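Below is the file my_file.pdb, which contains PDB, C-alpha atoms.
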ATOM      1  CA  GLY G   1     -60.220  -6.550 149.478  1.00  0.00           C
ATOM      2  CA  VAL G   2     -60.868  -2.806 149.350  1.00  0.00           C
ATOM      3  CA  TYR G   3     -63.878  -0.619 148.599  1.00  0.00           C
ATOM      4  CA  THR G   4     -63.000   1.910 145.897  1.00  0.00           C
ATOM      5  CA  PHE G   5     -65.191   4.966 145.384  1.00  0.00           C
ATOM      6  CA  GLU G   6     -64.727   7.696 142.782  1.00  0.00           C
ATOM      7  CA  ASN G   7     -65.709  11.253 143.692  1.00  0.00           C
ATOM      8  CA  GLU G   8     -65.210  14.672 142.119  1.00  0.00           C
ATOM      9  CA  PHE G   9     -65.693  18.390 142.773  1.00  0.00           C
ATOM     10  CA  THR G  10     -65.582  21.448 140.499  1.00  0.00           C
ATOM     11  CA  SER G  11     -63.539  24.562 141.285  1.00  0.00           C
ATOM     12  CA  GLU G  12     -62.902  27.976 139.718  1.00  0.00           C
ATOM     13  CA  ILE G  13     -59.175  27.583 140.314  1.00  0.00           C
ATOM     14  CA  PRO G  14     -56.718  26.521 137.560  1.00  0.00           C
ATOM     15  CA  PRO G  15     -55.200  23.005 138.077  1.00  0.00           C
ATOM     16  CA  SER G  16     -51.806  24.655 138.556  1.00  0.00           C
ATOM     17  CA  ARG G  17     -52.733  26.479 141.773  1.00  0.00           C
ATOM     18  CA  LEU G  18     -54.529  23.674 143.513  1.00  0.00           C
ATOM     19  CA  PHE G  19     -51.743  21.405 142.304  1.00  0.00           C
ATOM     20  CA  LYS G  20     -48.969  23.251 144.167  1.00  0.00           C
ATOM     21  CA  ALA G  21     -51.411  24.103 146.906  1.00  0.00           C
ATOM     22  CA  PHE G  22     -52.220  20.448 147.676  1.00  0.00           C
ATOM     23  CA  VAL G  23     -48.838  18.694 147.132  1.00  0.00           C
ATOM     24  CA  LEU G  24     -46.048  21.286 147.568  1.00  0.00           C
ATOM     25  CA  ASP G  25     -47.391  23.777 150.121  1.00  0.00           C
ATOM     26  CA  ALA G  26     -50.381  21.757 151.345  1.00  0.00           C
ATOM     27  CA  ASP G  27     -48.302  21.202 154.466  1.00  0.00           C
ATOM     28  CA  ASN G  28     -48.028  24.987 154.776  1.00  0.00           C
ATOM     29  CA  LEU G  29     -51.414  25.700 153.271  1.00  0.00           C
ATOM     30  CA  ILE G  30     -53.552  23.333 155.326  1.00  0.00           C
ATOM     31  CA  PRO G  31     -52.417  24.632 158.790  1.00  0.00           C
ATOM     32  CA  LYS G  32     -52.639  28.273 157.668  1.00  0.00           C
ATOM     33  CA  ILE G  33     -56.275  28.212 156.675  1.00  0.00           C
ATOM     34  CA  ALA G  34     -57.299  24.960 158.352  1.00  0.00           C
ATOM     35  CA  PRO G  35     -56.267  25.400 161.991  1.00  0.00           C
ATOM     36  CA  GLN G  36     -59.729  24.135 162.820  1.00  0.00           C
ATOM     37  CA  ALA G  37     -59.424  21.113 160.558  1.00  0.00           C
ATOM     38  CA  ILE G  38     -55.792  19.968 160.804  1.00  0.00           C
ATOM     39  CA  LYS G  39     -53.320  21.098 163.459  1.00  0.00           C
ATOM     40  CA  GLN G  40     -50.084  20.787 161.483  1.00  0.00           C
ATOM     41  CA  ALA G  41     -48.006  18.611 159.209  1.00  0.00           C
ATOM     42  CA  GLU G  42     -44.469  18.475 157.836  1.00  0.00           C
ATOM     43  CA  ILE G  43     -42.524  16.183 155.525  1.00  0.00           C
ATOM     44  CA  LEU G  44     -39.883  13.931 157.010  1.00  0.00           C
ATOM     45  CA  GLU G  45     -38.348  12.960 153.684  1.00  0.00           C
ATOM     46  CA  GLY G  46     -38.800  14.296 150.152  1.00  0.00           C
ATOM     47  CA  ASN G  47     -40.961  17.258 149.097  1.00  0.00           C
ATOM     48  CA  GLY G  48     -44.308  15.561 148.467  1.00  0.00           C
ATOM     49  CA  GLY G  49     -43.391  13.137 145.673  1.00  0.00           C
ATOM     50  CA  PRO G  50     -42.611   9.386 145.419  1.00  0.00           C
ATOM     51  CA  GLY G  51     -40.253   8.218 148.185  1.00  0.00           C
ATOM     52  CA  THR G  52     -41.570  10.912 150.427  1.00  0.00           C
ATOM     53  CA  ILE G  53     -42.804  10.260 153.959  1.00  0.00           C
ATOM     54  CA  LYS G  54     -45.134  12.666 155.715  1.00  0.00           C
ATOM     55  CA  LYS G  55     -45.691  12.983 159.445  1.00  0.00           C
ATOM     56  CA  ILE G  56     -48.842  14.672 160.773  1.00  0.00           C
ATOM     57  CA  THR G  57     -49.247  15.947 164.323  1.00  0.00           C
ATOM     58  CA  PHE G  58     -52.715  16.442 165.807  1.00  0.00           C
ATOM     59  CA  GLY G  59     -53.742  18.277 168.974  1.00  0.00           C
ATOM     60  CA  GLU G  60     -51.566  17.553 172.006  1.00  0.00           C
ATOM     61  CA  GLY G  61     -54.397  16.878 174.454  1.00  0.00           C
ATOM     62  CA  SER G  62     -56.577  14.956 171.998  1.00  0.00           C
ATOM     63  CA  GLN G  63     -57.484  11.383 171.074  1.00  0.00           C
ATOM     64  CA  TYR G  64     -54.963  11.401 168.222  1.00  0.00           C
ATOM     65  CA  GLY G  65     -51.286  12.014 168.992  1.00  0.00           C
ATOM     66  CA  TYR G  66     -49.243  11.069 165.926  1.00  0.00           C
ATOM     67  CA  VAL G  67     -49.766   9.366 162.566  1.00  0.00           C
ATOM     68  CA  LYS G  68     -47.559   8.289 159.637  1.00  0.00           C
ATOM     69  CA  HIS G  69     -48.649   9.174 156.094  1.00  0.00           C
ATOM     70  CA  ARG G  70     -46.637   7.645 153.237  1.00  0.00           C
ATOM     71  CA  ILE G  71     -46.717   9.186 149.768  1.00  0.00           C
ATOM     72  CA  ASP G  72     -46.662   6.924 146.706  1.00  0.00           C
ATOM     73  CA  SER G  73     -46.260   9.010 143.527  1.00  0.00           C
ATOM     74  CA  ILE G  74     -46.877  12.439 141.967  1.00  0.00           C
ATOM     75  CA  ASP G  75     -47.153  13.103 138.267  1.00  0.00           C
ATOM     76  CA  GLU G  76     -46.886  16.866 137.865  1.00  0.00           C
ATOM     77  CA  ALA G  77     -47.441  16.128 134.208  1.00  0.00           C
ATOM     78  CA  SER G  78     -50.913  15.005 135.219  1.00  0.00           C
ATOM     79  CA  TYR G  79     -51.068  16.694 138.627  1.00  0.00           C
ATOM     80  CA  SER G  80     -51.837  13.377 140.296  1.00  0.00           C
ATOM     81  CA  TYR G  81     -51.257  12.503 143.941  1.00  0.00           C
ATOM     82  CA  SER G  82     -51.381   9.035 145.478  1.00  0.00           C
ATOM     83  CA  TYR G  83     -50.552   8.189 149.082  1.00  0.00           C
ATOM     84  CA  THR G  84     -51.305   5.562 151.703  1.00  0.00           C
ATOM     85  CA  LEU G  85     -51.832   5.592 155.448  1.00  0.00           C
ATOM     86  CA  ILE G  86     -49.413   3.114 157.034  1.00  0.00           C
ATOM     87  CA  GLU G  87     -50.195   3.448 160.740  1.00  0.00           C
ATOM     88  CA  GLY G  88     -51.991   5.603 163.299  1.00  0.00           C
ATOM     89  CA  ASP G  89     -55.577   5.964 164.467  1.00  0.00           C
ATOM     90  CA  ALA G  90     -55.946   5.976 160.698  1.00  0.00           C
ATOM     91  CA  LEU G  91     -56.162   2.169 160.647  1.00  0.00           C
ATOM     92  CA  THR G  92     -57.735   1.867 164.074  1.00  0.00           C
ATOM     93  CA  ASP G  93     -56.697  -1.604 165.254  1.00  0.00           C
ATOM     94  CA  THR G  94     -58.696  -3.750 162.824  1.00  0.00           C
ATOM     95  CA  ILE G  95     -57.524  -2.159 159.556  1.00  0.00           C
ATOM     96  CA  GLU G  96     -54.749  -3.124 157.214  1.00  0.00           C
ATOM     97  CA  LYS G  97     -54.317   0.048 155.156  1.00  0.00           C
ATOM     98  CA  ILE G  98     -56.181   2.939 153.531  1.00  0.00           C
ATOM     99  CA  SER G  99     -55.172   4.461 150.172  1.00  0.00           C
ATOM    100  CA  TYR G 100     -56.299   7.750 148.629  1.00  0.00           C
ATOM    101  CA  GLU G 101     -55.647   9.078 145.112  1.00  0.00           C
ATOM    102  CA  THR G 102     -56.654  12.476 143.715  1.00  0.00           C
ATOM    103  CA  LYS G 103     -56.075  14.000 140.277  1.00  0.00           C
ATOM    104  CA  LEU G 104     -56.772  17.603 139.301  1.00  0.00           C
ATOM    105  CA  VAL G 105     -58.192  18.325 135.853  1.00  0.00           C
ATOM    106  CA  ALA G 106     -59.046  21.667 134.281  1.00  0.00           C
ATOM    107  CA  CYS G 107     -62.753  22.052 133.467  1.00  0.00           C
ATOM    108  CA  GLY G 108     -64.854  24.605 131.590  1.00  0.00           C
ATOM    109  CA  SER G 109     -65.449  26.465 134.962  1.00  0.00           C
ATOM    110  CA  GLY G 110     -61.825  26.075 136.209  1.00  0.00           C
ATOM    111  CA  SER G 111     -60.753  22.494 137.246  1.00  0.00           C
ATOM    112  CA  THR G 112     -62.658  19.457 138.463  1.00  0.00           C
ATOM    113  CA  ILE G 113     -60.758  17.437 141.025  1.00  0.00           C
ATOM    114  CA  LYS G 114     -61.343  13.692 141.171  1.00  0.00           C
ATOM    115  CA  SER G 115     -60.731  12.146 144.600  1.00  0.00           C
ATOM    116  CA  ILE G 116     -60.587   8.366 144.908  1.00  0.00           C
ATOM    117  CA  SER G 117     -61.137   6.642 148.230  1.00  0.00           C
ATOM    118  CA  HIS G 118     -60.049   3.055 148.905  1.00  0.00           C
ATOM    119  CA  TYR G 119     -60.555   1.339 152.241  1.00  0.00           C
ATOM    120  CA  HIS G 120     -58.462  -1.830 152.360  1.00  0.00           C
ATOM    121  CA  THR G 121     -59.881  -4.033 155.080  1.00  0.00           C
ATOM    122  CA  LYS G 122     -58.390  -7.293 156.399  1.00  0.00           C
ATOM    123  CA  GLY G 123     -59.824 -10.804 156.732  1.00  0.00           C
ATOM    124  CA  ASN G 124     -63.587 -10.483 157.207  1.00  0.00           C
ATOM    125  CA  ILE G 125     -63.132  -7.131 158.902  1.00  0.00           C
ATOM    126  CA  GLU G 126     -64.656  -4.101 157.158  1.00  0.00           C
ATOM    127  CA  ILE G 127     -64.297  -0.310 157.148  1.00  0.00           C
ATOM    128  CA  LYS G 128     -67.420   1.526 158.312  1.00  0.00           C
ATOM    129  CA  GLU G 129     -68.893   4.559 156.555  1.00  0.00           C
ATOM    130  CA  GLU G 130     -68.793   6.731 159.668  1.00  0.00           C
ATOM    131  CA  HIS G 131     -65.091   5.874 159.846  1.00  0.00           C
ATOM    132  CA  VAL G 132     -64.168   7.048 156.356  1.00  0.00           C
ATOM    133  CA  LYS G 133     -66.740   9.845 156.617  1.00  0.00           C
ATOM    134  CA  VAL G 134     -65.035  11.554 159.562  1.00  0.00           C
ATOM    135  CA  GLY G 135     -61.521  10.982 158.220  1.00  0.00           C
ATOM    136  CA  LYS G 136     -62.467  11.903 154.651  1.00  0.00           C
ATOM    137  CA  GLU G 137     -64.704  14.795 155.694  1.00  0.00           C
ATOM    138  CA  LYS G 138     -61.681  16.292 157.445  1.00  0.00           C
ATOM    139  CA  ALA G 139     -59.316  15.576 154.561  1.00  0.00           C
ATOM    140  CA  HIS G 140     -61.872  17.193 152.283  1.00  0.00           C
ATOM    141  CA  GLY G 141     -62.142  20.027 154.781  1.00  0.00           C
ATOM    142  CA  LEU G 142     -58.461  20.779 154.259  1.00  0.00           C
ATOM    143  CA  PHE G 143     -58.724  20.816 150.481  1.00  0.00           C
ATOM    144  CA  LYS G 144     -61.643  23.135 151.172  1.00  0.00           C
ATOM    145  CA  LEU G 145     -59.372  25.551 152.996  1.00  0.00           C
ATOM    146  CA  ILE G 146     -56.701  25.407 150.353  1.00  0.00           C
ATOM    147  CA  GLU G 147     -59.219  25.786 147.543  1.00  0.00           C
ATOM    148  CA  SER G 148     -60.308  29.122 149.012  1.00  0.00           C
ATOM    149  CA  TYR G 149     -56.646  30.000 149.506  1.00  0.00           C
ATOM    150  CA  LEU G 150     -55.617  29.765 145.817  1.00  0.00           C
ATOM    151  CA  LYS G 151     -58.590  31.739 144.559  1.00  0.00           C
ATOM    152  CA  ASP G 152     -57.468  34.301 147.116  1.00  0.00           C
ATOM    153  CA  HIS G 153     -53.767  33.426 146.912  1.00  0.00           C
ATOM    154  CA  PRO G 154     -52.917  31.541 143.683  1.00  0.00           C
ATOM    155  CA  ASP G 155     -49.351  32.744 144.158  1.00  0.00           C
ATOM    156  CA  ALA G 156     -48.549  29.603 146.204  1.00  0.00           C
ATOM    157  CA  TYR G 157     -45.154  28.044 145.392  1.00  0.00           C
ATOM    158  CA  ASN G 158     -45.075  29.946 142.069  1.00  0.00           C
TER     159      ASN G 158
END

Please express the file's structure as structure tokens.
Amino acid sequence: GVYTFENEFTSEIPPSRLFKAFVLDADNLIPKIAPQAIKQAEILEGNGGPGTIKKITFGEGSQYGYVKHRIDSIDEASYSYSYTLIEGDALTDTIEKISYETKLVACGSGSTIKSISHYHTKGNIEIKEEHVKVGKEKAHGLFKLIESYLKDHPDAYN
């Protein structure tokens, strides 16, 4: 009952930088470089692995106030990250849940990151493109900030 789409992007940054930069410090990396994209975010429980719950806070005087992001599992061995949006303007009012999984792999130019998008709709309801486009475009925008950061600051969490 979900639309899964596989996407990927190449980078000149080893999988090890992006890796720590998108799961360990991402919540210290995203706001640093991406003040325009995301306002801020901090973990409530865990460090960014399975059993971890993340809470993101958007602009005060904005449409979005608060949202709960739940993490599913990280395999540092593979540098994989899977999480799921439980509630918030993330699921509007007609959505059940939205899951996103991304794995970083080293490529001949650096590392090609594969980002999976899954929009789990309910009943006959359906997730629009413009909906996942704005949410994903932002999410991608953050990884965009961080990407630049490691190539300029690969010293993250190391």

ask   = Evaluating the PyMOL selection byres ((chain G and resi 77-90) around 9) on the displayed file yields which residues, as a ChimeraX atom specification?
value = /G:15-16,19-20,22-23,48-50,63-76,91-93,95-105,135

message = When you look at residue 147 of chain G with a cut-off of 9 Å (counting only C-alpha atoms), what residues show up, excluding the ones that are within fewer than 5 positions of it in the same chain? I need them as JSON, numbers by chain.
response = {"G": [11, 12, 13, 17, 18, 21, 22, 142, 152]}

task = Taking the file as shown, find all residues satisfying the PyMOL selection byres ((chain G and resi 44) around 7) and write them as JSON, numbers by chain.
result = {"G": [42, 43, 45, 46, 53, 54, 55]}

ask   = Mind pulling up the distance from atom CA of residue 112 of chain G to atom CA of residue 6 of chain G?
value =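 Going from atom CA of residue 6 of chain G over to atom CA of residue 112 of chain G, I get 12.7 Å.
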
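Note that atom CA of residue 4 of chain G and atom CA of residue 27 of chain G are 25.7 Å apart.
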
Taking all atoms of segment 42-50 of chain G that the file lists and extending 4 Å past them on each side, where is the centre of the axis-aligned box and how long are its edges? Answer in Å to one decimal, as JSON.
{"center_x": -41.4, "center_y": 13.9, "center_z": 151.6, "size_x": 14.1, "size_y": 17.1, "size_z": 20.4}

request  = Using all atoms listed in the file, give me every residue within 7 Å of (-60.1, -7.1, 151.0) in file coordinates, as a PyMOL selection string.
outcome  = chain G and resi 1-2+120-123

Selection export as a tab-separated table (two decimals), in the frame of the given file, atoms kept: C-alpha atoms:
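Below is the file that was written, result-v5.tsv:
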chain	number	residue	atom	x	y	z
G	1	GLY	CA	-60.22	-6.55	149.48
G	2	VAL	CA	-60.87	-2.81	149.35
G	120	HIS	CA	-58.46	-1.83	152.36
G	121	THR	CA	-59.88	-4.03	155.08
G	122	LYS	CA	-58.39	-7.29	156.40
G	123	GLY	CA	-59.82	-10.80	156.73

Shortest interatomic distance to residue 115 of chain G - which of G:130, G:155, G:140, G:28, counting all atoms listed in the file =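 Of the candidates, the smallest distance to residue 115 of chain G is held by G:140.
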
request  = Determine the residue membership of the PyMOL selection byres ((chain G and resi 146) around 9) for the file above and supply it as a ChimeraX atom specification.
outcome  = /G:18,21-22,26,29-30,32-34,141-145,147-151

Could the residues in this selection be saved with C-alpha atoms as a PDB file, keeping the file's coordinate frame?
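Now in result_39.pdb:
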ATOM      1  CA  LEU G  18     -54.529  23.674 143.513  1.00  0.00           C
ATOM      2  CA  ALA G  21     -51.411  24.103 146.906  1.00  0.00           C
ATOM      3  CA  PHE G  22     -52.220  20.448 147.676  1.00  0.00           C
ATOM      4  CA  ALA G  26     -50.381  21.757 151.345  1.00  0.00           C
ATOM      5  CA  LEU G  29     -51.414  25.700 153.271  1.00  0.00           C
ATOM      6  CA  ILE G  30     -53.552  23.333 155.326  1.00  0.00           C
ATOM      7  CA  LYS G  32     -52.639  28.273 157.668  1.00  0.00           C
ATOM      8  CA  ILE G  33     -56.275  28.212 156.675  1.00  0.00           C
ATOM      9  CA  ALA G  34     -57.299  24.960 158.352  1.00  0.00           C
ATOM     10  CA  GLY G 141     -62.142  20.027 154.781  1.00  0.00           C
ATOM     11  CA  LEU G 142     -58.461  20.779 154.259  1.00  0.00           C
ATOM     12  CA  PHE G 143     -58.724  20.816 150.481  1.00  0.00           C
ATOM     13  CA  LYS G 144     -61.643  23.135 151.172  1.00  0.00           C
ATOM     14  CA  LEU G 145     -59.372  25.551 152.996  1.00  0.00           C
ATOM     15  CA  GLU G 147     -59.219  25.786 147.543  1.00  0.00           C
ATOM     16  CA  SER G 148     -60.308  29.122 149.012  1.00  0.00           C
ATOM     17  CA  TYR G 149     -56.646  30.000 149.506  1.00  0.00           C
ATOM     18  CA  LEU G 150     -55.617  29.765 145.817  1.00  0.00           C
ATOM     19  CA  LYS G 151     -58.590  31.739 144.559  1.00  0.00           C
TER      20      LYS G 151
END

request  = Rounded to one decimal place, report the atom CA of residue 7 of chain G-atom CA of residue 38 of chain G distance in Å.
outcome  =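 These two atoms are separated by 21.6 Å.
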
ask   = Using all atoms listed in the file, which of the listed residues (G:158, G:47, G:36, G:10) sits closest to residue 107 of chain G?
value =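 Of G:158, G:47, G:36, G:10, the one nearest residue 107 of chain G is G:10, counting all atoms listed in the file.
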
query = Restricting the calculation to all atoms listed in the file, which member of G:3, G:8, G:156, G:14 is positioned closest to residue 109 of chain G?
reply =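 That would be G:14, the residue with the smallest distance to residue 109 of chain G.
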